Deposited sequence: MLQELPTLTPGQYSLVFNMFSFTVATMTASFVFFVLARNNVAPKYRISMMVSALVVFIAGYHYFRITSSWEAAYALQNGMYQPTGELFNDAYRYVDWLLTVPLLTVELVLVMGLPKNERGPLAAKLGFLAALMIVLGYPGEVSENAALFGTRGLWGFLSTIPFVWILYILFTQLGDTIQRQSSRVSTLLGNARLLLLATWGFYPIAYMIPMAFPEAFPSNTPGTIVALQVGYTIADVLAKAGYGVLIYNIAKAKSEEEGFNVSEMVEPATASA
């Protein structure tokens, strides 16, 4: 039973969702169109990045719709309509997009081709498992650290740190081995991943006021900003990495 909202709280969220649907659609066309601005060996990362924002565009379209159908303007206030606001769309969006986000980065990393598929496979499945393990905790009724939410948050953190560990301490021989420009861009993408991905378990723990206007607005706005940055913003960095590499490899 979502709380009644002021026009300002309702509109801030609604426009934020609408902006994200527009931004993901633009990113999809940009990444699709960008396919041909990079060498052939990197067009796969661009198709993966286009898939990521297409899937997020679609889910945010569902999210925007659900938000609107869940409220009605009555006397200068947005009152719950009885229709449920579905939070699952974002969770399903994470399950499908997080593995691809890791594969994208692996493909522009500059690893020898005998190391590329194994790393994409390991990181992609660790990311999927991280989301799977978070599931029981997110649908949990009790937000206790010493309870269901803390248990699954802990289990899910395992594959998460495992991924972070690999990106920050198991690849050095590769990033450092790149030109300054590329090494820099790659370092920035890894850092953007840490910062944006880091937001999610932090928001997960905050509960550890359930449904007051201020808490739903803050959470929806925070998750939406993080999703935009972790997928569209991050995709732009992946694109500039593929581009710079393509130019170095004297490609036209």
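Enquirer: What are the unmodelled segments when the structure is compared with the full deposited sequence, in sequence order?
Expert: Unmodelled stretches, in sequence order: 1 to 3, 212 to 217, 262 to 273.
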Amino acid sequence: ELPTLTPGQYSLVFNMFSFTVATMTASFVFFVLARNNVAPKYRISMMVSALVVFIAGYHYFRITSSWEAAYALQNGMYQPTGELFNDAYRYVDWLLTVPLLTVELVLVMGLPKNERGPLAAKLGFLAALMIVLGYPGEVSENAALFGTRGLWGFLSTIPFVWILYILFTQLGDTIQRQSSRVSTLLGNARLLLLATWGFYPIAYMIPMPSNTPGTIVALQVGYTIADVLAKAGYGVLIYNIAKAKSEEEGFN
From here on, numbers count along this sequence of modelled residues.
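Enquirer: What stretch has the higher average Cα B-factor here, 55 to 63 or 33 to 41?
Expert: Stretch with the greater average CA B-factor: 33 to 41.
Enquirer: With respect to the recorded C-alpha B factors, which stretch has the higher mean value, 226 to 234 or 240 to 248?
Expert: The deposited B-factors put 240 to 248 ahead on the C-alpha mean.
Enquirer: Tell me, please, which of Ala128, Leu101, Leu164, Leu111 has the highest C-alpha B factor according to the deposited entry?
Expert: It is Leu111.
Enquirer: Could you check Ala120, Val92, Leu151, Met77 and tell me which one carries the biggest Cα B-factor in the deposited entry?
Expert: That would be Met77, according to the entry.
Enquirer: Is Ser49 in the lowest, middle or highest third of its chain when residues are ranked by C-alpha B-factor?
Expert: Its C-alpha B-factor, which the entry lists for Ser49, ranks in the lowest third among residues of this chain.
Enquirer: If you rank every modelled residue in this chain by C-alpha B factor, which third holds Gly82: lowest, middle or highest?
Expert: For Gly82, the deposited C-alpha B-factor lands in the highest third.
Enquirer: Taking the entry's C-alpha B-factors for this chain, is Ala143 in the lowest, middle or highest third?
Expert: Its C-alpha B-factor belongs to the highest third of this chain's values.
Enquirer: Where does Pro159 sit by CA temperature factor within its chain: lowest, middle or highest third?
Expert: Tercile = lowest for this residue's CA B-factor.
Enquirer: Would you please rank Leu133 by its C-alpha temperature factor against the other modelled residues of its chain and give the third it falls in: lowest, middle or highest?
Expert: Lowest third of the chain for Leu133's C-alpha B-factor.
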